[PDB]
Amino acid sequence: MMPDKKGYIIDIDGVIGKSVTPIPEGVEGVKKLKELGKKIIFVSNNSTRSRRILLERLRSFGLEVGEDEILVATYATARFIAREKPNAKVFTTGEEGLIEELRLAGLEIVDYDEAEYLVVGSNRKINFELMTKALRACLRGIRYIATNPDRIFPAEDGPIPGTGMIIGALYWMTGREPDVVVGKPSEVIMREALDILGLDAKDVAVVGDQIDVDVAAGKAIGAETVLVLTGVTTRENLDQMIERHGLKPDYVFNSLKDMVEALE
């Protein structure tokens, strides 16, 4: 059996690029998928970059990509809120790229005492007072959205905290988890992706480099899952990752290029 579908939900980091640098076989793979006429949407959990920046990044990899072909957690979070409550007042722990999207969606950036929504995103400049403000917003009982649940972001010099750090802190202090988690493996971003694709899950494959994020995301919407080995998961650690995370992908390929070549 081959992973031959009408549409593809494709993770960026570890599949198509690593930070600002392209993964050559990932790029080749996406180009050939596009040439075959498949519908593609890139889905990213990035909580600090705007849709604009990631579109520019993909184009710098040599890809032809339109606005509708990228769904990033910053944008998806802002949108989600704007649909619920146009011009909502939001207090955020997050960074400029998230703030950019919140503003583009018509939302008003305010302090915790004025907020209608608490929006948790990662912040490299997080500090004790921002955490105090988030704590108090939490205790006010206002609607609480998180951009993505990632506990640990796998970086080259080692693990660093993800948005999950703030989520964890707030849960421990108040007993409150987010009302809504947007990013993978949440169904929120995934179902929005299906919507944008205009396809049901049976006609979609979800492609990524993390079993706990991408494969779990596919499982959550009942789409077939493809794990590539160009990112976090390797030939060396594959069996251990399957064990650690408790899920097996439907397919494993060295890179996206190999997945596409399996369609011929």
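Sequential numbering from 1, following the sequence displayed.
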item: Entry-level comparison of average CA B-factors, 150 to 158 and 174 to 182, reporting the higher stretch; value: 150 to 158
item: Stretch exceeding the other in mean C-alpha B-factor - 242 to 250, 5 to 13; value: 242 to 250
item: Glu108, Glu129, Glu101, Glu192, ranked by C-alpha B-factor: the highest one; value: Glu108
item: Chain thirds of CA B-factor: placement of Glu69; value: middle
item: Third of chain Cα B-factors occupied by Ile142; value: highest
item: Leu118 by Cα B-factor - lowest, middle or highest third of the modelled chain; value: middle
item: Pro86 by Cα B-factor - lowest, middle or highest third of the modelled chain; value: highest
item: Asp203 CA temperature factor, ranked by third within the chain; value: middle
